Amino acid sequence: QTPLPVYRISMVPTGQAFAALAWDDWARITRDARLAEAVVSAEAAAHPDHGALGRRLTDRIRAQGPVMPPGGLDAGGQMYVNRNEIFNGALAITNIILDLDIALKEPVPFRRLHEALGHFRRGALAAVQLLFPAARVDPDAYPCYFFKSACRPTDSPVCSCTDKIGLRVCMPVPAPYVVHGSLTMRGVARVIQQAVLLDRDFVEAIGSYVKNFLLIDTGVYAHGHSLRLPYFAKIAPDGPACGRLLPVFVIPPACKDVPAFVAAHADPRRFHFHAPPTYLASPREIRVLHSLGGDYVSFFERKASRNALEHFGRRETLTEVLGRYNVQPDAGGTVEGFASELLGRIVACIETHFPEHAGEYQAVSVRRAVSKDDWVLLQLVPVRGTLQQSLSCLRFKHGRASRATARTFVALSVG
Amino acid sequence: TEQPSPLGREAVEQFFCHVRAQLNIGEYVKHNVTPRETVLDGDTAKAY
Amino acid sequence: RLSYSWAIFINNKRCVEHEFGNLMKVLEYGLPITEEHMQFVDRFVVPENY
Amino acid sequence: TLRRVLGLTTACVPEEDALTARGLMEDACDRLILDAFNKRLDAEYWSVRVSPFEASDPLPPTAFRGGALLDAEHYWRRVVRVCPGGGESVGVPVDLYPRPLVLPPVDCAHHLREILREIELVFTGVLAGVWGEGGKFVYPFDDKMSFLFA
Ligand SMILES: Cc1nc(N(C)C(=O)Cc2ccc(-c3ccccn3)cc2)sc1S(N)(=O)=O
Ligand SMILES: [Zn+2]
Ligand SMILES: [Zn+2]
């Protein structure tokens, strides 16, 4: 039953493989990182405080899943060691997924990181409430899921990250809303980043160790791009696998059911781009947010451009200049005739300044290579008969046998 | 015959006013985005 | 205590061109290099024998 | 829609009436498009007829393998349009293949625009004639409901 997920698998040592799956065994993949109900109940009974509860649960989980044995060479056995999901541009989005990368200059403890995450959780919800105005989002009960990487490139286990920190954050789209498109997701991510940056506690708590304040990367939403999934290791140049994404529990302040929150971390429907929504009975009406605008172009760019235009004067575009010569960049052949006409001066200059390579360019043809708003690039094809099929390099004198093929282009610009 | 200088009021009223709005999340959302949404009701909701 | 004993002069009094000034700023402050600068710098090239 | 507008015309109201009229017109178009969503997987519904004296698309080679289905092709030819890749908009002669068919998603924006032009051709004239206005009727299809079929 379609639609289906499509995954990209990275092979060892080199190559790639593709999978298209209709169903899979998800109990085996997440089997080694689950906590028994009795343990959670007893631990919750012992500790009333939420922060200590989360820290203790994370400590207990950390030392449970020892390793994953390496898979076989065949792609059917390595799909359980590496896997990445591919964005599809013809389906709707029902999950907000953020990939945080932090570059730090001084090592940081674990409690500082936990406090920073607790503070980060608060501003994102305010931004989300602002963005979706027809839905009720309670900042003290909405769930947000945090996954953190491994270590190797009452006190909780030591954290000894060398130089970078990687995290994943997942949260659902409040009902009854849905999203559509690739620019809308970038707008949402940028708004969320701006909202989080303006917070005061977060910057104070984490601002010391961090180098720069660029956290979120907005280039992961495009047709065909892939993103890695939790519980899977990342292949390394040396060959050994490392860096499994495993959960980190940050309990909401007013959570009423700790066991449900703890158990929901292993649901494959919570970290997929286009997974079906989780409603209760049925949707009476749904609102689709199908656009947020064009590009950003900050204020500091528009104002500067206007000032420069008013001060230095105007500058025309390539189209007007080409039209002045009675040639248009459309239809292809209109500019091709201009290039053919101009070929004479180019050939004369080549003859005058590069005497040895003169008989090669006796007869040639022009074919379009690249076009843009203010730059055109045409290719010089050696028709069909030139004796020396492949043109030679005009700068150096490569080996006698190594008659390296060089391609020749003509570039037009306003200048 | 000296007169008051209009060199401080103009700059403050013209340029520095936007930065204060830029430094707020609510104002940021109010000024930097323009959304578009459509409502579907009935069997079209289930089909979509 | 170099923080309390530092003065910095900016501005250039002689530049009357836009693109040249932008390129100079990019080169001085170590900003990333884009394709616009590469396209701009192509106007000055001539063969060595010239 | 014409019946509703002309019924409302008997309210003896100033230019405001024209504005009211415009509203009704737009509403109708909206509903139509939404109704067309539920018939997006039907190939015969969207097919259009072509006569020998007009210009049509070239015949795909596979159509020549049909066999005994090519005998009943005196005058008309029915054609539909599909999109197999990016912006391709290839054609398909529906009647030369055994049933049932297996095709990519249909192209509904093209057919819907073709219908909407003819729809507006009459509303513009009604507006210009009944109330002596000077504004054409234009429906913003590209910015309002083009995401459904993308
Ligand atoms: C409309 C306008 N005219 C502006 N002038 C006059 C300038 O920059 C003048 C200048 C200032 C510094 C440099 C420089 C040169 C080398 C290394 C570092 N720096 C060059 C030129 S700036 C603006 S704008 N668009 O920012 O408002
Ligand atoms: Zn770590
Ligand atoms: Zn070479």
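Criteria and cut-off values
Residues numbered from 1 in each chain as written, not as in the entry; some residues may be left out. Chains lettered and ligands numbered in written order. Part of a larger assembly, values for the part shown. Heavy atoms only, no water. Contact = heavy atoms within 4.5 Å. Donors = N, O, S within 2.8 Å, 3.2 Å for Na, K, Ca; no water. Buried < 20%, exposed > 50% of the residue type's maximum accessible area, 1.4 Å probe, protein only. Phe/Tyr/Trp six-rings, centres within 6.5 Å; stacked < 30°, edge-to-face > 60°. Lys NZ or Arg CZ within 6 Å of the ring centre and 35° of its normal. Buried area = accessible area lost by both parts, 1.4 Å probe. Salt bridge = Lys/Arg side-chain N within 4 Å of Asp/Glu carboxyl O. Polar contact = N/O pair within 3.5 Å; in protein donor to acceptor, adjacent residues only side chain to side chain.

A. Expanded view of the arrangement of the chains. Highest in contacts among the four pairs of chains that touch are chains A and B. Kept free of each other, chain B and chain C leave a smallest C-alpha distance of 20 Å between them. Note that chain C does not reach chain D: the shortest distance linking a C-alpha of one to a C-alpha of the other is 29 Å.

B. Looking closely at the coordination of the zinc ion (ligand 2). Bound to the zinc ion (ligand 2) are the protein donor atoms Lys148 of chain A (NZ) and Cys161 of chain A (SG), situated 2.3 Å from the metal. The class for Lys148 of chain A is buried, based on a relative accessible area of 7%.

C. Just the coordination of the zinc ion (ligand 3), in detail. Protein-derived coordination of the zinc ion (ligand 3) comes from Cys393 of chain A (SG) and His398 of chain A (NE2), at a distance range of 2.1 to 2.3 Å. With relative accessibility at 25%, the residue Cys393 of chain A sits in the partly exposed group.

D. How the structure looks around the packing of aromatic side chains. Per the counting criterion, the structure on display carries 18 aromatic pairs over all chains. Between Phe299 of chain A and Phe300 of chain A, the ring centres sit 6.5 Å apart and the planes meet at 45°, which makes this aromatic pair tilted. An aromatic cluster is built from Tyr48 of chain B together with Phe37, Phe147 and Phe149 of chain D, whose rings are joined through pairwise contacts. Geometry around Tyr7 of chain A places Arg83 of chain A over its ring, the cationic atom sitting 5.0 Å from the centre. Lying across the ring of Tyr296 of chain A, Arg190 of chain A places its NZ or CZ 4.6 Å from the centre.

E. Local environment of the interface of chain A and chain B. At the junction of the two partners, chain A supplies 22 residues and chain B supplies 22 residues. Roughly 2300 Å² of surface becomes buried between chain A and chain B when both sides are summed, with 61% attributable to carbon and sulfur atoms. Taken together, the links from chain A to chain B amount to one salt bridge. Here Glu37 of chain B and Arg287 of chain A are joined by a salt bridge, their closest N and O atoms 3.0 Å apart. Connecting chain A to chain B are eight residue pairs in polar contact.

Shape descriptors only; they carry no functional weight alone.
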